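Q: I have a structure here, written as structure tokens, and I will follow up with some questions on it.
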Amino acid sequence: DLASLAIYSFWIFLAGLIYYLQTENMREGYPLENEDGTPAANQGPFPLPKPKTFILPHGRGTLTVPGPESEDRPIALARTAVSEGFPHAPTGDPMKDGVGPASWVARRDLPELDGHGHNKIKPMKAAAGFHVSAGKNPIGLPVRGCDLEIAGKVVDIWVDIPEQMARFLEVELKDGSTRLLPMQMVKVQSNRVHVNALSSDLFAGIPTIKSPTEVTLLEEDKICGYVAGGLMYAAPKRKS
Amino acid sequence: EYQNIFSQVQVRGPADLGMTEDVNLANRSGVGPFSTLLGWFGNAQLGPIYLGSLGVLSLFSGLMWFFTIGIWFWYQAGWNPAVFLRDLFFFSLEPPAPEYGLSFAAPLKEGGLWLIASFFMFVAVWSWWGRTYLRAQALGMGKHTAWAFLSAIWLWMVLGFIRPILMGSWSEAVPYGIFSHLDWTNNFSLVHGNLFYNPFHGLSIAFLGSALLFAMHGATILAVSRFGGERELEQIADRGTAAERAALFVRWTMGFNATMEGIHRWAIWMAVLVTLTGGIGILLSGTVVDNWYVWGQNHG
Amino acid sequence: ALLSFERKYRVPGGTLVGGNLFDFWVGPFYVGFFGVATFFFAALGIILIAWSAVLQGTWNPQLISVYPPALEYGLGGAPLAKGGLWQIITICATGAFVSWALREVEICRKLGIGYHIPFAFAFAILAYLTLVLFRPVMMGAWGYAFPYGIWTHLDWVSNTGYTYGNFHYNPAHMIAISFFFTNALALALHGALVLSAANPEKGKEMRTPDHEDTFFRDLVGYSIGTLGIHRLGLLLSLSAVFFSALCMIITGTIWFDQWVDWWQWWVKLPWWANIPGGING
Ligand code: BCL
Ligand code: BCL
Ligand code: BCL
Ligand SMILES: CC[C@H]1c2cc3[nH]c4c(c3C)C(=O)[C@H](C(=O)OC)c4c3nc(cc4[nH]c(cc(n2)[C@@H]1C)c(C(C)=O)c4C)[C@@H](C)[C@@H]3CCC(=O)OC/C=C(\C)CCC[C@H](C)CCC[C@H](C)CCCC(C)C
Ligand SMILES: COC(C)(C)C/C=C/C(C)=C/C=C/C(C)=C/C=C/C(C)=C/C=C\C=C(C)\C=C\C=C(/C)CC/C=C(\C)CCC=C(C)C
Ligand SMILES: CCCCCCCCCCCC[N+](C)(C)[O-]
Ligand SMILES: CCCCCCCCCCCC[N+](C)(C)[O-]
Ligand SMILES: CCCCCCCCCCCC[N+](C)(C)[O-]
Ligand SMILES: [Cl-]
Ligand SMILES: [Fe+3]
């Protein structure tokens, strides 16, 4: 009967749906690779999809996926075993080298723009009429590491103009240079900003940016990757 | 360890009048106020809203439906405010008695008032639907919100219009009341011999599946917002480590893969399938199947 | 095998127990100490299901059912054949669920990401333990817990509910249902919004978050933002399950009469309790 028909037809639709869904989620990271980077023999059951092309706004070209994937940077890792399945130890400093939790991706070296084409993220000193409207203003507070030492002072907030949210603290170190700290990786307190991921001596190592008033996507990843890496790699210097 | 459930600092700039594109800026209100309360969780800005002909049409007959039920409620309360509040959940505006079939000749105090309020509801919702489409069209966006909305309209259409018509009377429809509509629901299952045997109800429930997905998705994006992961559109144009680690979480955990765009297709389908399959299972209850226990005994 | 971008992330470390002993992968899957425990509790559990199906006398998946002890067993252990297996299995299922969550913590540490996912998962583990542990204990018998079978676990839902009349009247059930219903609305919108902006009208460039915020403001006069919808989704679905455990922990413990009658506290408030007319009196 008609209800059996309805429920049989549904599972057939449901199966092609899962298939469609499963192949849309193959548009990044494929084809699979061996640990030495050659293509794997077994690429899984589902084939790759016919490519799609995004038109990027503001004259920035296209992106077609799936398309050729290169890390576009060197990876400082060696094998720890004779077979697949095992970790790859870092051959140098993973924080400097950007592997493990300290990894970054080689994104465009341009800033994300808002819908009008302006820089999305700006130091608040350059963002007309923007101000701290609630919560403790961190500007002027000193920044503390996980070793309970003072690495710098907060000299500005970097703000997302279209979304109106704080995104980085700009921290001034003792040599007078600044660095950006991800807003999600600091704890603003009444008398201080506390950074749990970095010990004080790792602040100078935070990647610096090219221009003082803009930060590119590559730079955002290098900074953010570096600061999350300290949660694992700095841990030989964290009190409780 | 800061966890990003609330903002530690709020920053505010000039009110955002929004993208223009093909919109008609005449029909945008002024910017409402800024809620600091809301600003600890999401955006502080209220407005501007867009109101055009369909907006007012929708908003007007929406209020007309609401007032019609409240008028009937006040009648039932004998115009006494103390009775109104006491029995607020117990009043109900029911559909016409089965006698009157699919006709509109039912007296007001005996179902005519239901048909009026239902008419306003029919207009208010379909108006709002075309509003979701035309708001997207003006910004040059995909019509995904209008097609997802359709899935909810389907189930609502089935419960109060399609299925009553097929059964040949308005009495089959749902009444307008808090506790009143809860009883209609329980009743419905009992009459059709337990819905737990309606295999579309069973799938509908599986998809509802969506608490699970949205738990994972929100937890993940917060977990990777230290790499700017909440910024999903540019992560689609230019994959960064946020999208890399979020893909590797699901792969190392359970071995299947999810792209930053790909997982939003899981989301939209997991959700729309709730009301889609639900509507089919209700549409078949009483029109084709009288008793789902008896139907399940022949597997079909 | 590996995703093109994956090798740089497969570094040693992040384990909670064992150090580098189980720090490895099998195909896509991370193992770790809690990968092994999961596999152990899962395989021990499944073996015991199949044993229960031998004793029951059926191999049909739509008929295997593992019931808790009878009520007269209170909170003691029962023989395998008559509810004991359910007891051992329930231990295994918990072993596997917590090992799953702890294994996700380890994946999080290696990846340098927040712990939000296992935290969200613990709420589902909470709900399960409410139905199989916390509620039977406060009531004083394992037999109040649900059975492990596809259709029989549904018969338990329907019987338990109807012990209190139309369960719809449990006020915590109501709130729980609202959160479930809203979460789905929220999910549909969030999915549609991203896709509608990544996948615009034919020929147009990708929209921006500016377009996403403009769309919600034009539609309802408020846009919660891109960070906030993710907070919202997490919060809604976590609350949904929370009030589910709540509506169940109070049912049969502090409240055991018909749930519709609980509402007479409102109607019987003294200032309007005898005003004639309306629905009540
Ligand atoms: C939550 C409140 C109630 C309850 C009431 C209902 C009702 C009412 C319904 C279900 C439905 C289902 N329930 Mg039940 N169910 C409960 C608790 C559970 C538990 C548990 C706590 O361990 C499990 C495993 C299940 C399992 C299931 C599935 C058979 C089915 C689809 C679930 C789904 O899509 O979820 C969402 C999850 C996902 C989409 C992710 C993938 C989940 C996969 C498909 C799980 C399959 C489990 C497999 C059969 C279990 C045994 C494997 C062992 C290793 C042997 N229920 C409690 C007692 N359940 C529906 C159904 O059709 O039942 C016949 C239905 O109508
Ligand atoms: C005793 C009662 C019966 C039973 C009877 C029914 C009946 C009868 C039905 C369901 C339905 C549903 N049931 Mg059942 N159900 C039972 C037990 C359960 C159990 C359980 C025991 O654990 C669960 C989890 C469920 C789960 C579900 C859902 C999957 C499903 C509703 C989907 C939805 O989102 O609707 C909510 C969404 C909508 C109704 C769509 C609304 C869309 C419109 C357009 C919104 C307009 C709003 C208006 C304008 C107001 C304005 C707002 C202001 C302006 C702010 N049922 C038992 C067996 N259930 C439905 C279904 O799909 O069945 C197949 C249904 O009709
Ligand atoms: C006759 C039936 C009664 C009724 C009686 C009950 C009863 C009885 C209960 C509910 C409960 C619930 N009901 Mg009610 N309910 C009714 C009508 C409804 C309607 C409706 C439209 O009418 C709706 C929408 C609901 C909605 C709901 C929710 C509030 C809640 C279920 C979610 C939950 O607990 O998740 C919680 C999720 C879980 C328990 C799942 C945990 C999963 C674990 C952690 C992991 C398992 C993995 C598994 C083994 C699979 C691995 C497989 C593969 C190998 C990977 N009810 C009617 C009136 N309802 C239940 C509740 O609140 O429970 C707390 C409950 O006990
Ligand atoms: C809290 C909000 C929602 C939630 C969230 C959530 N679920 C999650 C997560 C999160 C955040 C995960 O990270 C985790 C995951 O990996 O997701 C992919 C998971 C997950 N949620 C799952 C299921 C699930 N979640 C559900 C619900 C929910 N998940 C909530 C509603 C349900 C429902 C509604 O019923 C189910 C069935 C899995 C897909 C996965 C956890 C997988 C896992 O724990 O595996 C370890 C165990 C095994 C492989 C085997 C165990 C076997 C037992 C020893 C024997 C079987 C005993 C069992 C009682 C039999 C019961 C069957 C009968 C009822 C039919
Ligand atoms: C303060 O007091 C005042 C009076 C000022 C305001 C108060 C108002 C109050 C108290 C309002 C209360 C409202 C309530 C309790 C509403 C509850 C609504 C519920 C629970 C609805 C549930 C389900 C509704 C459904 C399924 C409706 C379906 C309807 C349709 C599909 C419409 C179909 C159209 C029909 C039958 C007529 C169409 C006509 C033509 C010509 C095509
Ligand atoms: C009407 C549907 C829901 C509306 C949500 C409330 C926010 C609207 C704020 C806009 C008000 C702007 N103004 C100038 C009229 O104040
Ligand atoms: C849509 C839900 C709205 C919830 C917003 C209310 C949150 C209030 C503030 C929470 C914490 C603020 N504080 C002081 C800790 O910074
Ligand atoms: C997006 C698809 C996700 C997988 C779907 C999960 C299906 C499990 C539900 C089985 C339904 C059982 N029933 C009652 C229909 O027979
Ligand atoms: Cl909570
Ligand atoms: Fe998202």
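Residues in the structure tokens are numbered from 1 in each chain, the chains being A, B, ... in the order shown, and ligands are numbered from 1 in the order shown.
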What lies within 8 Å of region 99-115 of chain C using only C-alpha atoms, ignoring chain neighbours under 6 positions off, as a VMD selection string?
A: (chain A and resid 100 to 102 228 to 229 231 to 232) or (chain B and resid 3 220 222 to 224 226 245 249 252 to 253) or (chain C and resid 9 11 to 16 30 to 35 37 to 38 121 to 122)
Q: Would you pick out the contacts of residue 175 (chain B) at 12 Å or less, using only C-alpha atoms, so that residues sharing its chain but fewer than 5 positions from it are not included, and give the list as a PyMOL selection string?
A: chain B and resi 69+90-97+111+113-115+117-118+159-160+170+180-185
Q: Restricting the calculation to only C-alpha atoms: of A:129, A:236, A:225, A:51, which residue gets closest to chain C?
A: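 Among the listed residues, the smallest separation from chain C belongs to A:225.
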Q: Hey, which residues come within 6 Å of ligand 3 if we count only C-alpha atoms and all ligand atoms? Could you give them as a list in words?
A: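 Every residue with an atom at most 6 Å from ligand 3 is listed here: residues 124, 125, 127, 128, 157, 158, 160, 161, 162, 166, 167, 168, 173, 176, 177, 241, 244, 245, 247 and 248 of chain C.
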Q: Please write the residues from the selection above to a file, keeping C-alpha atoms, as a short mmCIF file (atom, residue, chain, number, x, y, z; two decimals), in the first residue's frame.
A:
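Produced file result-v2.cif, reproduced below:
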```cif
data_model
loop_
_atom_site.label_atom_id
_atom_site.label_comp_id
_atom_site.auth_asym_id
_atom_site.auth_seq_id
_atom_site.Cartn_x
_atom_site.Cartn_y
_atom_site.Cartn_z
CA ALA C 124 23.82 13.14 27.11
CA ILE C 125 25.75 10.80 29.42
CA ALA C 127 20.54 11.90 30.79
CA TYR C 128 21.31 8.22 30.26
CA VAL C 157 8.40 5.26 27.26
CA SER C 158 4.70 4.87 26.61
CA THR C 160 6.05 5.21 32.10
CA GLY C 161 4.45 8.32 30.61
CA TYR C 162 0.86 7.07 30.97
CA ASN C 166 -0.97 12.70 29.68
CA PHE C 167 2.73 13.28 30.41
CA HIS C 168 2.42 16.53 28.39
CA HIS C 173 8.76 18.15 30.04
CA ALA C 176 12.40 20.52 27.59
CA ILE C 177 10.18 20.23 24.50
CA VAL C 241 18.65 17.60 27.47
CA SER C 244 14.77 16.20 30.01
CA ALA C 245 16.80 14.71 32.86
CA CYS C 247 11.46 16.17 34.07
CA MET C 248 12.42 12.53 34.69
#
```
Q: Quick one: residues within 8 Å of region 145-157 of chain A, only C-alpha atoms counted, chain neighbours fewer than 3 positions away excluded, as a PyMOL selection string?
A: chain A and resi 123-125+138-142+166-174+194-201+203+237-239
Q: Pick out the chain C residues within 6 Å of chain B. Count only C-alpha atoms. Give them as a PyMOL selection string.
A: chain C and resi 28-30+113-114+116-117+184+188+191-192+196-197+199-201+214+217-218+221-222+224-225+227-228+230+233-234+237+267+272+278
Q: What residues of the protein or nucleic acid chains come within 7 Å of ligand 1 when you use only C-alpha atoms and all ligand atoms? Reply as a list in words.
A: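 Every residue with an atom at most 7 Å from ligand 1 is listed here: residues 196, 199, 201, 202, 203, 205, 206, 207, 209 and 212 of chain B; 42, 46, 49, 128, 146, 150, 151, 153, 154 and 157 of chain C.
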Q: Kindly determine which residues of chain C lie within 6 Å of chain A, considering only C-alpha atoms, and give the answer as a ChimeraX atom specification.
A: /C:1-4,8-12,24-26,111-112,205-206,208,210
Q: Would you pick out the contacts of region 288-294 of chain B at 7 Å or less, using only C-alpha atoms, so that residues sharing its chain but fewer than 4 positions from it are not included, and give the list as an NGL selection string?
A: :B and (192-195 or 197-198 or 284)
Q: Residues as selected, C-alpha atoms, written as a PDB file, in the first residue's frame, can you do that?
A:
```pdb
ATOM      1  CA  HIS B 192      -4.612   6.099  15.261  1.00  0.00           C
ATOM      2  CA  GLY B 193      -3.426   3.185  17.343  1.00  0.00           C
ATOM      3  CA  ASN B 194      -0.230   4.551  18.752  1.00  0.00           C
ATOM      4  CA  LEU B 195       1.962   6.769  16.700  1.00  0.00           C
ATOM      5  CA  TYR B 197       4.226   2.633  15.141  1.00  0.00           C
ATOM      6  CA  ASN B 198       4.008   5.353  12.484  1.00  0.00           C
ATOM      7  CA  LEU B 284      -1.157   9.378   6.087  1.00  0.00           C
TER       8      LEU B 284
END
```
Q: Give me the residues near residue 65 (chain C) as a list in words, where near means some atom within 8 Å (using only C-alpha atoms) and where sequence neighbours in that chain fewer than 2 positions away do not count.
A: residues 52, 53, 63, 67, 147, 148, 149, 150 and 152 of chain C
Q: Residues contacting ligand 5 - anything with an atom at most 6 Å away, using only C-alpha atoms and all ligand atoms - can you give me those as a ChimeraX atom specification?
A: /B:66-67,69-71,115,118-119,121-122,156-157,159-161,174,176-178,181
Q: For the residues in the current selection, export N, CA and C atoms as a PDB file, in the first residue's frame.
A:
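This went into out.pdb:
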```pdb
ATOM      1  N   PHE B  66      -4.189  36.578  16.483  1.00  0.00           N
ATOM      2  CA  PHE B  66      -3.946  36.601  17.921  1.00  0.00           C
ATOM      3  C   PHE B  66      -5.123  37.216  18.686  1.00  0.00           C
ATOM      4  N   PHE B  67      -5.604  38.388  18.239  1.00  0.00           N
ATOM      5  CA  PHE B  67      -6.704  39.063  18.932  1.00  0.00           C
ATOM      6  C   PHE B  67      -7.982  38.244  18.887  1.00  0.00           C
ATOM      7  N   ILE B  69      -8.402  35.027  18.944  1.00  0.00           N
ATOM      8  CA  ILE B  69      -8.391  33.995  19.972  1.00  0.00           C
ATOM      9  C   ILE B  69      -8.594  34.627  21.345  1.00  0.00           C
ATOM     10  N   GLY B  70      -7.855  35.700  21.630  1.00  0.00           N
ATOM     11  CA  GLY B  70      -8.008  36.387  22.905  1.00  0.00           C
ATOM     12  C   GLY B  70      -9.397  36.962  23.139  1.00  0.00           C
ATOM     13  N   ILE B  71     -10.071  37.416  22.075  1.00  0.00           N
ATOM     14  CA  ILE B  71     -11.464  37.841  22.220  1.00  0.00           C
ATOM     15  C   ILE B  71     -12.325  36.667  22.688  1.00  0.00           C
ATOM     16  N   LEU B 115     -12.742  29.433  12.030  1.00  0.00           N
ATOM     17  CA  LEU B 115     -12.454  29.587  10.609  1.00  0.00           C
ATOM     18  C   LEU B 115     -11.968  30.992  10.297  1.00  0.00           C
ATOM     19  N   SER B 118      -8.343  31.206  11.714  1.00  0.00           N
ATOM     20  CA  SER B 118      -7.509  30.377  10.856  1.00  0.00           C
ATOM     21  C   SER B 118      -7.196  31.081   9.543  1.00  0.00           C
ATOM     22  N   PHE B 119      -8.190  31.755   8.945  1.00  0.00           N
ATOM     23  CA  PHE B 119      -7.950  32.528   7.726  1.00  0.00           C
ATOM     24  C   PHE B 119      -6.840  33.562   7.929  1.00  0.00           C
ATOM     25  N   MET B 121      -4.513  33.465  10.098  1.00  0.00           N
ATOM     26  CA  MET B 121      -3.252  32.754  10.265  1.00  0.00           C
ATOM     27  C   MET B 121      -2.700  32.290   8.924  1.00  0.00           C
ATOM     28  N   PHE B 122      -3.580  31.797   8.048  1.00  0.00           N
ATOM     29  CA  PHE B 122      -3.172  31.370   6.717  1.00  0.00           C
ATOM     30  C   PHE B 122      -2.495  32.506   5.961  1.00  0.00           C
ATOM     31  N   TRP B 156       2.691  22.300   9.318  1.00  0.00           N
ATOM     32  CA  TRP B 156       1.585  23.148   9.749  1.00  0.00           C
ATOM     33  C   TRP B 156       0.449  23.112   8.737  1.00  0.00           C
ATOM     34  N   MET B 157       0.774  23.149   7.434  1.00  0.00           N
ATOM     35  CA  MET B 157      -0.280  23.021   6.425  1.00  0.00           C
ATOM     36  C   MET B 157      -1.000  21.685   6.560  1.00  0.00           C
ATOM     37  N   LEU B 159      -1.408  19.687   9.213  1.00  0.00           N
ATOM     38  CA  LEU B 159      -2.187  19.521  10.440  1.00  0.00           C
ATOM     39  C   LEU B 159      -3.512  20.265  10.392  1.00  0.00           C
ATOM     40  N   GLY B 160      -3.539  21.456   9.790  1.00  0.00           N
ATOM     41  CA  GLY B 160      -4.719  22.297   9.890  1.00  0.00           C
ATOM     42  C   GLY B 160      -5.479  22.557   8.605  1.00  0.00           C
ATOM     43  N   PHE B 161      -5.011  22.029   7.471  1.00  0.00           N
ATOM     44  CA  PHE B 161      -5.634  22.335   6.187  1.00  0.00           C
ATOM     45  C   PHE B 161      -5.728  21.110   5.293  1.00  0.00           C
ATOM     46  N   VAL B 174      -6.628  21.281  14.442  1.00  0.00           N
ATOM     47  CA  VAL B 174      -6.108  21.507  15.789  1.00  0.00           C
ATOM     48  C   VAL B 174      -6.798  22.730  16.383  1.00  0.00           C
ATOM     49  N   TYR B 176      -7.134  26.077  19.139  1.00  0.00           N
ATOM     50  CA  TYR B 176      -6.253  27.161  19.573  1.00  0.00           C
ATOM     51  C   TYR B 176      -6.311  27.278  21.095  1.00  0.00           C
ATOM     52  N   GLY B 177      -5.406  26.574  21.778  1.00  0.00           N
ATOM     53  CA  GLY B 177      -5.312  26.630  23.228  1.00  0.00           C
ATOM     54  C   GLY B 177      -4.043  25.994  23.770  1.00  0.00           C
ATOM     55  N   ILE B 178      -3.558  26.470  24.919  1.00  0.00           N
ATOM     56  CA  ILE B 178      -2.327  25.931  25.492  1.00  0.00           C
ATOM     57  C   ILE B 178      -2.556  24.460  25.851  1.00  0.00           C
ATOM     58  N   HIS B 181      -4.333  22.236  22.995  1.00  0.00           N
ATOM     59  CA  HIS B 181      -3.637  21.628  21.859  1.00  0.00           C
ATOM     60  C   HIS B 181      -2.763  20.456  22.286  1.00  0.00           C
TER      61      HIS B 181
END
```
